[PDB]
Every structure is written in structure tokens, then in C-alpha cells.
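Asks: Here it is, the structure, as C-alpha cells.
A quick note on method: Cβ atoms are made from the backbone with ideal geometry, for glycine too, and the neighbour counts reach across all protein chains shown. Where a number appears in this text, it was derived from the coordinates with a stated rule and is not lab data.
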4 protein chains.
Amino acid sequence: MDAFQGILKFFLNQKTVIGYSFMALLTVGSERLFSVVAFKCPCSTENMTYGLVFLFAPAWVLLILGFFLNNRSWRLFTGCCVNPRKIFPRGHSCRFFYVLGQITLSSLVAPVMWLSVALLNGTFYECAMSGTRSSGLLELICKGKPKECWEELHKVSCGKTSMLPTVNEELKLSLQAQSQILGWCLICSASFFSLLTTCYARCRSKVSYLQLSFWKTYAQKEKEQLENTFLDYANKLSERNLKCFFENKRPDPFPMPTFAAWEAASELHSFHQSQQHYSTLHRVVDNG
Amino acid sequence: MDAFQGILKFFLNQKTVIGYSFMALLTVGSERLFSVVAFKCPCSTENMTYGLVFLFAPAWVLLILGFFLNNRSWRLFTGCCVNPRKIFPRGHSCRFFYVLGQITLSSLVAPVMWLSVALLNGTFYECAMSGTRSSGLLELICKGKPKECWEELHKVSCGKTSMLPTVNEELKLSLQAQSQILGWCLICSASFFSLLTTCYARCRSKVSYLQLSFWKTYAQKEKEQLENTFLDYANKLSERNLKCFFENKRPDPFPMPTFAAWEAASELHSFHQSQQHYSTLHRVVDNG
Amino acid sequence: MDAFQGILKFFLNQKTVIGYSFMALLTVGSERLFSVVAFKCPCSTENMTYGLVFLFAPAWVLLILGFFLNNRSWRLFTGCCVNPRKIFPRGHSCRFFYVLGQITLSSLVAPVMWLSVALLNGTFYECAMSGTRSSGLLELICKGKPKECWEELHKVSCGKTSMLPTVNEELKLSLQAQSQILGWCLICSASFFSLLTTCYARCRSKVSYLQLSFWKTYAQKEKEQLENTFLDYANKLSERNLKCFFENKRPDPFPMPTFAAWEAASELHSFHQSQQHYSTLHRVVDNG
Amino acid sequence: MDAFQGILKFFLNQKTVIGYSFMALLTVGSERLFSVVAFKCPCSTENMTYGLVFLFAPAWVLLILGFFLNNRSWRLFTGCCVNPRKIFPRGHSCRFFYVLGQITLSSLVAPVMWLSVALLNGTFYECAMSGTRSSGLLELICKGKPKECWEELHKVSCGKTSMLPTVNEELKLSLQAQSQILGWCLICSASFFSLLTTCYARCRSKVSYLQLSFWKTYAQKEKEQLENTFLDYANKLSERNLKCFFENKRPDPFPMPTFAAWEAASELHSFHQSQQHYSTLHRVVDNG
């Protein structure tokens, strides 16, 4: 009765680590569906373009999908060209780049998680590195191999190469291991950069830990109370407009906030410790 | 009791991304039914027409089906020839093309999702590119092949070609990889164009984010309250007409809105920030 | 309790697209039962008649079945020869052809859906095109074939033809692909004609979108209220007639509408915007 | 609770098309039991009689079974020889043939549905057409066959014929396809005749669509109210007769309708628009 409610406190408080763990399980299961069912490397001069598109084109699609599902990217830009100075204010002219950096860094998580699982399953790199045709990086792969390594390297994936197939089986192990080292150098350097920018944003905060915990509680249910006020004032307005249409009556006046009050409550909020307001709707009510 | 109600808030708020994800799962499962069960490429001079019809004719059918299921295409055109100046108003003469651009762009989503899954499963392009018979684009496919590649290329799908079947197996890999590169160039450029026009429509909006959130709440249940008023005034009218038919009585008068009020409430709505009305039914009640 | 009621709103509002999707699933499953279990092509001079009857005779039966199940075809014709001028009125003498065009076009949907699934499964066309015996259209099928293609083409379905069975297997692929191109040319041109006549009927309507939505709500439950009035006046009439038969009594009079009022309420309804009546029963009550 | 009641309206309104679809499913499943388990063609001079009895004798039995289960054939004939002029009235002397045509045409549906499924499964026609022994119709089957087709055709079903069994396998395909063409010519011409006589009976009706819908509602529950009056007056009569037998009492009189009133209420009903009566029991109560 209340024991199951006691463990739903544990699955709602740690909700930012279940969401990032369900994103990793979807990225792993989607890469194994592309490499098994759809990917089959040719053995042509189009090896470089074919393997480098299966690596970077699903990363470009996941980046654009992060801009659609980000709710604070639409709060920033909706109605921008009416007056752009409400997004570029006079006191804090560089807060627009701080907010825009947060949308960009938050939507760069699922692209990086794609590039790491695709490099730890080294089939896309093996196809792309075969057709390299470069002066450097070709002596490193073919070091103690016969002389037909510099011409027929791009056929090592499909088989069907006349250079003694115990040599072909160890050229597919030297390329499958170069990709898995790059897959760990990307996980290790993106985890360190992610902690270094989160720790810098908290160390440079204007409030301490206890006031920031109240600020997050207020902003969470200013959103819930705003959905119930919109849903209450729109039932009273639609009931008024329908009775005066069918009965041909003149309506009683309906008081709504003006246009200057709607646009002032939609600005960008920056904290000031002299007068502590926790939203921009809190600020226009207290100041008038 | 209320825990399952708490997660139906999560499956009703994100309803525009479950609908677009269920459309992609139906398009993938329908392309695998056509390519496995029905598609079998001939090896004739009709290769070009056969493969290019299985690509573009299910895209033409899905485009017409998007015009039928679009509710705002019927609100725009019903009763057009009575007076066309209610669709071409005097102040905003170019809003008719802005609305018509929204029906066209919204119904172009399922055609593009068909053309991408059909190109990532490269059977329709392999049949169509075989019978090309062009001066260009035929030297690119047959580069280091024997001289019977320029005459018997259209038989490479069915087998039964006398050009050493290790050469036929790598002409089917060079065409199956050219189609999968075009399948990713279409997903990447349609995702970028879809974000560029949505961001331009929000940046050029007349209202800010908070007033647009109230406008969407009002328009959603002006539709629910209109279905309950129509259902209430049609029960009272059918009860009146049936008692005066069987009993041979003369009826009491039933007040309804006139024809000039029905047609004025069906016009096209454009926001004005001087007098803020949230529908065209709100405007004819307040103005008279 | 009310959550399942909330999704039955979604399965009752979109009821005209579940009915047309269940008709397509029955037509596909019925064509696979005829082509697998019953159809087996002979190899005689009766190839043309045998395959062209399995194509067009189930389309003729589905057209006649659409006239039986159309409720508005019986409302138009019942009691026609009593006075034909109630179906050919004086003001609108061409509305009879507009209504008769709607019964004909609505019952032509299941014949066209039969002819498309039968042509996309190319067994009926392969049997019928084999026995063509025409000067044209026989050189197009036999282009680079031996000279026994002009005489023994009608045996290519059954096998047992002495023209090198790798040639017989590619004459069955050139005919199975000509039928699937015609199956897509019929789906594409019937979808475009279906949208062009629906859009012309809405653009030429006498009322706008909002008045047409009330008109459909009234006509739906004038039918429900008429079934409850007939069921109420027939219980009171059968109770009266049975008590005066067994007890040998004389009955009290039972007031019913006259014959001139029954026939005037059964005419064909055309909207007029000067006096807006939503049925022909609404018109004879208000006018007398 | 009421949702399942809402769909039983759909399975009771369309009750005349579920009954005709369950008759077709029983006729198909009964023909496959006769042709698989019981039918085995001899190869004698009795081929013509054996196959033509399995075709027409189950059609004769299904026709007689339609006269037993027709309730309006017993209402017409019961008590005929008491006075035949109540079935041959003076004003409408040709209504007796119109009613008798309705019993005959309604009971001719299951015979025609037997003859069509038996001809679409061409085993009964193949046995019967083999032993034809006619001057015509024997040159059409044996056109380009050896000379032992005119003498040993009746053995082609059982096998065991010395005319090169690739010729016997294509004489069994030319007869199995002649029967399936006749099976579609019977379905197509009986569907067209069934619509042509129903449309002529409705176009020549005395009442319009709305008065005919009330007439069908009254006749349906004059039958239900008559079963409850018979069941109520027979409980009161059997209680009276049993108390006066065991107690040796004299009974109180029980008023019943006379013999002239029982026979007048059992006549044949024809509508008159001058005095509109909806049954013959309605007419003898109002007229006396």
C-alpha cells in the first residue's frame, strides 16, 4: 500500500540517470541492427565514402532531434523578431550565449554515444580505413606484409584476395583493434569534459546549495500551476463565446492581461541577490 | 489508482513523437513486405520502368492520403465558391498561401519516409540502375570490368550472365552501396530542412511563448465545447420536429443564428496584437 | 473506467478509415484464396476467356453488392411510380443525377480494389496475355526469342514447351512485370480521381464548414429519434387492436398523419440559404 | 456494460446479410465433404448419370427444405379448402400469384448457391462431360488430340488410358476450366436478376420510404404482442377447465371471438391509401 510508494521515491529522485541509461541501451541495440542487417562493405574505390557515412550520418540526425525535443530552445526563440532586445538585454548581453551553449551541449550527448558504440564494434572503421590511399598511415597498417598490401588492401573485408589468407585474417584484426582504441579515447575524453563544465557552472553560481534547491522546487510547480490556470480561464472563455453566438446576445467583458504584460513575463531570467526573484513572472508581479 | 494516471500524463504530452514513430514503424514493415513477397526484377529492357514505379508510386499514394486526413484542408475549402473573398481577404492577401504551405509540408512526411527506407534496402535501385543505357553513369559502374559489362548489365540481378560470377557478385555490391548513400543523403537533408522552416515560423510569430501556450489551450477546448453545443441543440430540434408531425401541431419558433453569422464565423483567423482575439468566433462575438 | 472510454472516442471519430481499411484486408485475403486453391491455367485456345473471367466477374459481383447495402438508394426509389415528380422536382431538375452519381461512385470502390490486388499478383494477366493471337502486342513480348514464341506462347504457364526452359522462365517474368505496372497505374489514377471529385463537391457546397458540421449532427440523430417514435407509436397501436378483437369492443380513434403528409416528408432535400432547413421533415413542419 | 450493447445494435440491424453469409459458408463446407469423401467417378457408360445426380439432387432437396421453413407459406395455405375465395379475393385476384412468387424466389437461393460452388470445384462436371457421346461438343474437347479421344474419353478421370499421359493431364485441365467459366456465368446472372426484381418491387410500392419503415415496425411487434395474448388467454382457460372437472362444478362463461371473426382476421392483406390499415387485424377492428 505504502511500501510500493516508498520505492517510487527512489525511482523518481534518480530520474536523470535512468533516462541517460535508457538512451545508452537504445543506441547499442540500434547499432547492432545496422551492422548485421544493412551494412555490407563493398570492395571498390567507394570504401571511404560508404563507411564514413554510416558513422556520421546517424550522428547528424540525432543532433537535430535533440533540438526538437528541447523545450527551452522554443522558449528562447518564439516571437524573437517582434523585439530582439528581450533576448539581448542591456545589463547581461552575454547571457544569450550562455543559454545557447546549454542547448548545444545537452543535444551533443546522443551523437557522442552513437560514435562510441559504432567504434567499439569495429565494422564501420574497417571498411573506411581499407580505402585510405594515403602516403602516411598505409605503411603503419602494412609493415611486415607482402608487396600486394599497398594495392589490394580495400579487398580485405570481402575476402577474395590472393595474399595467403592467414595474412588476410590478421589484417582484419589489426584494423578492428585500432578502432576499439579510438572508441575508448572518445568515452574517456567526453566523460572528463562533461564533468569539467558542470563543475564550473556550479562553482560560479550566484546562490549556494540550499537556495538552489528551493529555486528548483519553485520552478517545477510554477509550471504545474500555470497549466491549471490556463485550463481554467479557457473553459470560462469558450463558455462565454458560445452562449453569445447561438442566442445572439451581447457579452459581458472578460478581463485578460494586456499585450505588454504577456511579453514582459516571457523574458529571460537572470538572478540578482539584491532583490531575489525566482522567475521572471515573480519579478513583474513584485515590481509592477 | 493515481500512479497509472501519473504516467498517462507522459504518454499524452509527448503525443506528437509517438505518432511520428509509429508512422516510421509502419513504413519499414510495409517496405519489407513489398520487396520480399511481390518484387522480383525481370532482366529485360523494362528494368528502368519496373524499379522506378515501385519507388515513386507508393510515394504518390501516401501524399494523396495526407490530404484526405488533414482536417484543416477541409476547413479552408468547404463553401469556397459562395464567396472566394473570405479565403482571400483584403488586409492579409498572402495568408492563403501560408496556410496552403502548411498542408503541403505536413503531408510530405510519409512520402519522404517511404523513399528513405526503400533506398536503404537497395533492391529497387539495383533493378532500375541496371537498365540505364546512358553514356555517362555507365563507365562509373563498369570501370575495371570485362567488355560484356556495357551490354549485359541488366541481367546482373537474375544471375545467368556469362561474365565469371565472382564479377557478378561484386557488381551487385557496387549498386547496393550507391543506393544506401543516397538513402542517407535524403534523411540528412530533409531533417535539416524540417528544422529550418519550423524555427523560422516560430521566430516570426506575433506572440511570445507564454501567450502561444494559452492560445493552444483555448483552441483545443473550443472544439470540445462546440461538439457539446451542436449535440445539445440538435436534440432539441429533432424533438420539436417529430412532435409536430405526428400530432399535426403548429410549432413554437426555434431561434438559430442567421446565414450571415454562420459564414462570418467560418473565416480564416490572423492574430492582431492591438485587439487580441484567439479565434474567429471570439472576434465576431466581441465586435458584433 | 473512463480511460478506455477516452480511446473509444478515437475509434469512433475515425470510423470512415477503419471501414475502408478492413475492406482492403478482405480483398487481399480473398484474392490469395482464389489464385492458390482454385485458379489453374489451361494451355489451350481458351486462355483468353479463362483469365479474363477471373479478373472481371468478381468485380461485377462486388458492384451489385454495393447497390444492395446502400441505404440511400432505397430512400430514393421506394414508391417511385406513385408520382415520379417527387424525384424529378421543378426547381432542381438535375439533383436526381447528382444523387444517382453518389450511389454509383461509392459502390465503385470495392470493384477497383479487386482489380488492383488481382493485377499486383500477376497470375490472372499471365494466363490471359498468353493467348493473345494479335499482330501487335505479340512482337513486344517475343522480341529476341526463337521462332517458336509466336506459336507456343500459350503453353508457357503450364511448362511443357520445347524452347529451352531458361527461355520459358524469362517469359514468365516479362508478363508478371507488365501486370504489376498496370496495377500501380490503376491505384495512382483512381486515388487522384477520388480526391478531385470530393474536393469539387466541397468547394461547391452551399454552406461553410461550421454549418455543415451542425447539419451532419442533426441528420444523425433525427434518425435515432425517428426509430424511437416509430417503436412507441407501434406499441400503442398493437395494444389497441388486440383488446378490441378478443373483447369484441369498438375502438377509440387513433390519430395518425395522413397520406399526403407521409409522402411530402419523403421527398428529396436541397438546401436553400434564404430559409435554412436541415431536412425535408424540418421543412414540412415549418411551412405546413 | 453499455458498450457491448452498442455493438449488438450493429449485429441486429445487419441481420439479413449475416444470415446469407452463413448460408454460403455452409454450402462451401458441404460441397468439399461430398467431393473428397464420397465422390469417386467410375469410368463406365454410367458417367453421365452419376455426375449429373451429384449436381442436381442436392439442389432439389434444398429447394423443398425452403418451403418447410418459410412461415408465410403456411399462413397462406392453412384452411384453404374451407373457403378458397379468401385467398382469391374479388378486388385483387392476382395478389395470390404475387405472394406465391415471393415464396418461390426466396427458396431458390440455396439451390443456386449449391450449383455455383459445385461448378467452381470442377469434379462433378468433369465426370459428366466425359461420357457425352454427342456429335457436337465432342469435337470441341478433342480438337488436336489423337484418334483415341473419340472413344476413350470417359476413362480420363480414373487414369488408365493408353494415349500418352501428358495428353491425359491436359484433357483434365480443359474440362476443369469449362466448368469454372459456367460457375461464374451463373453467379453473375443470378446476382443481376436478384437486383432487378427487388428494385421493381420497391419502385412499384404503394407507400414511400418513411411509411414503409413504420409498417415494418408495426408488423414485427404485432407478432410479439399476439404471442403474449395467446399465452395469457390460454392460462385462464386451462385454469377454468381443471377446477370444474375435479370439483364437479358448472363453469362461468368464457368470452372468445366467434368463428366468423377468427376467419376474417386471417385473410390476405393489401394496402389501400384511402384508408391506411397496416394489417388485416387492424382492418377488421376499424371496420367492424
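Asks: What are the equivalent ellipsoid semi-axes of the stretch B:1-156, built from the alpha-carbon gyration tensor (square roots of five times its eigenvalues), in whole angstrom, biggest first?
Replies: Values: eigenvalues 374, 133, 35 Å².
Value: 43, 26, 13 Å, ordered largest first.
Asks: Here's a follow-up. Under a crude label model (7 Å from the Cα following the beta-carbon direction), how far is C:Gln5 from A:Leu164 in nanometres?
Replies: 8.2
Asks: Please work out how many pairs of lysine residues in the stretch D:93-212 are eight or more positions apart (or on different chains) and have Cα atoms closer than 16 angstrom.
Replies: 6
Asks: Hey, for a label at A:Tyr209 modelled as a point 7 Å past Cα toward Cβ, could you say which residues of the stretch A:272-288 have their backbone N under 15 Å away?
Replies: none
Asks: Then there is this: Please quote Rg/Rh for chain B to two decimal places, taking the Kirkwood radius as Rh and restricting both calculations to Cα atoms.
Replies: 1.15
Asks: Follow-up question, since we're still on this one. Could you give the distance between the Cα centres of the stretch B:264-282 and the stretch A:154-194, to the whole Å?
Replies: Going from one Cα centre to the other spans 63 Å.
Asks: Under 23 Å between alpha carbons, and skipping anything fewer than 8 positions from A:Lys15 in its own chain: which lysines qualify?
Replies: Correct list for A:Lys15: A:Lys216, A:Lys221, A:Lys223, B:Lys9, B:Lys15.
Asks: Pick out the long, greasy-scoring helices in chain C: whole DSSP H runs spanning 20 Å or more along their own axis by Cα, mean Kyte-Doolittle at least 1.0.
Replies: Span-like helices, by this rule, are C:47-68.
Asks: Per residue of C:252-261, what is the mean number of Cβ atoms on other protein chains within 10 angstrom of that residue's Cβ?
Replies: Partner-chain Cβ atoms within 10 Å, mean over residues of C:252-261: 4.
Asks: Here is a further query. Starting from the Cα of C:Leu268, step 7 Å along the direction of its Cβ; do the same at C:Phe67; then give the gap between the two resulting points in nm.
Replies: Output for this residue pair reads 1.7 nm.
Asks: While we're here: Roughly how far apart, in whole Å, are the Cα centres of the stretch B:200-230 and the stretch C:52-95?
Replies: Rounded to whole Å, the Cα centres lie 45 Å apart.
Asks: Also, quick follow-up: What does the average come to when, for each residue of peptide B:158-171, you count the partner chain Cβ atoms lying within 10 Å of its Cβ?
Replies: That works out to 1 on average.
Asks: Please express the shape of the protein assembly as shown as an equivalent ellipsoid: the semi-axes are the square roots of 5 times the eigenvalues of the C-alpha gyration tensor, given largest first in whole angstrom. Can you show the working numbers first?
Replies: Numbers: eigenvalues 855, 585, 152 Å².
Its equivalent ellipsoid spans semi-axes of 65, 54, 28 Å.
Asks: If you don't mind, another one. Place the peptides A:190-196, C:52-58 in order of packing, highest mean first, counting for every residue the other Cβ atoms within 10 Å and averaging per peptide.
Replies: Taking the mean over residues of other Cβ atoms within 10 Å, the ranking is C:52-58, A:190-196.
Asks: At 222 nm, what value in deg cm²/dmol follows for the protein assembly as shown if DSSP H runs of at least 4 each add -39500 (n - 2.57) and the sum is divided by all its residues, to the nearest 500? Present the calculation step by step, with values, prior to reporting the outcome.
Replies: Details: 48 runs with 712 residues, N = 1152.
Calculated mean residue ellipticity at 222 nm is -20000 deg cm²/dmol.
Asks: Can you find, among B:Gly29, B:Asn168, B:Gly131, the residue farthest towards the positive end of the dipole of chain B? Put +1 on the C-beta of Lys and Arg, -1 on that of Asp and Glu.
Replies: Sorting the options by dipole projection puts first B:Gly29.
Asks: Extending each Cα 7 Å along its Cβ direction at B:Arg90 and D:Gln176, get the distance between those two points in nm, one decimal.
Replies: So the two model labels end up 7.9 nm from each other.
Asks: With a 10 Å radius around each residue's Cβ, average the other Cβ atoms per peptide and rank D:88-100, B:64-76, C:106-118, highest first.
Replies: Ranking, from highest mean packing down: C:106-118, B:64-76, D:88-100.
Asks: Would you work out which of D:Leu76, D:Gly51, D:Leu108 lies farthest towards the positive end of the dipole of the stretch D:40-117, given +1 charges on the beta-carbon of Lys and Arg and -1 on that of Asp and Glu, about the Cα centre?
Replies: So the residue we want is D:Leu76.
Asks: Place +1 on the Cβ of every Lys and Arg and -1 on the Cβ of every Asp and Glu in the stretch D:66-222, take the dipole about the Cα centre, and give the residue among D:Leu119, D:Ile187, D:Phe97 whose Cα lies farthest towards its positive end.
Replies: Looking along the dipole axis, the top candidate is D:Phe97.
Asks: Here is a follow-up. How large is the dipole of chain B about the Cα centre if only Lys and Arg carry +1 and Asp and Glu carry -1, each at its Cβ, rounded to the nearest 20 debye?
Replies: Result for chain B is approximately 720 debye, rounded to the nearest 20.
Asks: Set the Förster distance to 45 Å, then compute FRET efficiency between B:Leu196 and C:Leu196 from the Cβ-Cβ distance, nearest 0.05.
Replies: Working: r = 33 Å, r/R0 = 0.72.
Calculated transfer efficiency: 0.90.
Asks: Return the loop-located trypsin sites (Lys or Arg not before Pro) in the stretch B:181-278 (DSSP other than H, G, I, E, B) with at most 13 other Cβ atoms within 10 Å of their own Cβ; answer none if there are none.
Replies: For trypsin sites (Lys or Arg not before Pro) across the stretch B:181-278 that sit outside H, G, I, E and B with at most 13 neighbouring Cβ atoms in 10 Å, the list reads B:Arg204, B:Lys249.
Asks: Which of the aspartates and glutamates could a cross-linker bridge to C:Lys243, judged by Cα under 17 Å and excluding same-chain residues fewer than eight apart?
Replies: C:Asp252, D:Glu222, D:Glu224, D:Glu227, D:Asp232, D:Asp286
Asks: Same structure, new question: Between the stretch A:1-24 and the stretch B:3-17, what is the separation of their alpha carbon centroids in Å?
Replies: Between the Cα centre of the stretch A:1-24 and that of the stretch B:3-17, the gap is 16 Å.
Asks: Another one. Where the eigenvalues come from the Cα gyration tensor of the stretch A:5-74, what are the semi-axes √(5λ) of the equivalent ellipsoid, largest first, in whole Å?
Replies: Each semi-axis is the square root of five times an eigenvalue, giving 36, 17, 7 Å.
Asks: Next up: Pop the C-beta distance of D:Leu100 and B:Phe56 into the FRET formula with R0 = 41 Å and round what comes out to the nearest 0.05.
Replies: Efficiency, rounded to the nearest 0.05: 0.10.
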